[PDB]
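Position 1 is the first residue of the sequence; numbering continues from there. Worth knowing before you read on, the calculation uses all heavy atoms, side chains too, and leaves out hydrogens, waters and symmetry mates. Both ligands and their constituent atoms are indexed starting at 1 by order of listing.
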Amino acid sequence: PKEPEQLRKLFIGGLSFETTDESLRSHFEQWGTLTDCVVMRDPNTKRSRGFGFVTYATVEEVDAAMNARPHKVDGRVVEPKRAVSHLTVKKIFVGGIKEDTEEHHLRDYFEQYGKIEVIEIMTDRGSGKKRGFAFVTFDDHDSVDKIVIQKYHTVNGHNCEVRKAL
Ligand SMILES: CCNC(=O)Nc1cc(C)on1
């Protein structure tokens with residue numbers, strides 16, 4: 001069936017106060033079918049709060065919208081972010097990789113979530129032996145957001161624990 005609606009939403013900050021439900025929709029419909037599209041407004045003045053959200057029909061459409069950043073909506077560059085279970089970070093902890101996991105294993109898997117800038121396989125300060133965890137730093141937070149919402153990560157045959165770092 002359909003992916004949970006929470007995973008199909010983009011929360012859009014930094015809107016022009018002149019953006020409306022209609023103009024936000026016309027912009028973001030370029031990347032998929034929108035089942036919902038709302039500019040948040042003050043209940044008394046109706047003046048925009050400067051943020052809103054859109055809901056796509058599928059997660060692949062969310063991906064397409066996020067891959068089309070930067071978005072200039074009604075003349076202003078906006079800030080779309082998905083929902084995670086917002087702590088906006090570019091680095092993940094990857095645990096459970098044991099002693100046989102190498103940089104290329106982590107790179108070949110994680111590079112499909114985003115552009116990698118740093119891979120740090122953690123070693124023991126005294127012995128140099130691998131400790132069984134690593135950190136991966138990407139150029140942008142959406143990679144991390146996609147990663148942490150997955151139930152499972154399999155790298156080098158290991159079932160890994162992945163969380164946002166710092
Ligand atoms: C700034 C983008 N929006 C959010 O982070 N949260 C929201 C937006 C609506 C609506 O409800 N929560």
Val62 vs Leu10, side chain to side chain contact (heavy atoms under 4.5 Å, CB included): CA-CA, chis, key distance, verdict: CA-CA 7 Å; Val62 177; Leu10 280 182; 3.7 Å; yes
Verdict with supporting geometry, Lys130 and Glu102, salt bridge (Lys or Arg N to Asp or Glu O under 4.0 Å): CA-CA 10 Å; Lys130 287 198 239 153; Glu102 283 314 335; 2.5 Å; yes
Test side chain to side chain contact (heavy atoms under 4.5 Å, CB included) applied to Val78 and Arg69, step by step: CA-CA 9 Å; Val78 299; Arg69 287 172 300 147; over 6 Å; no
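Near ligand 1, residues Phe11, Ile12, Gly13, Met40, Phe51, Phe53 each place a heavy atom inside the 4.0 Å sphere around the ligand atoms.
The aromatic ring centroids of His158 and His153 lie 6.0 Å or more from each other.
Note that CD1 of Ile97 is 5.0 Å distant from CG of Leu106, once rounded to the nearest 0.5 Å.
Taking the six-membered ring where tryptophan is involved, the planes of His27 and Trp31 are tilted, since the angle between them lies from 30° to 60°.
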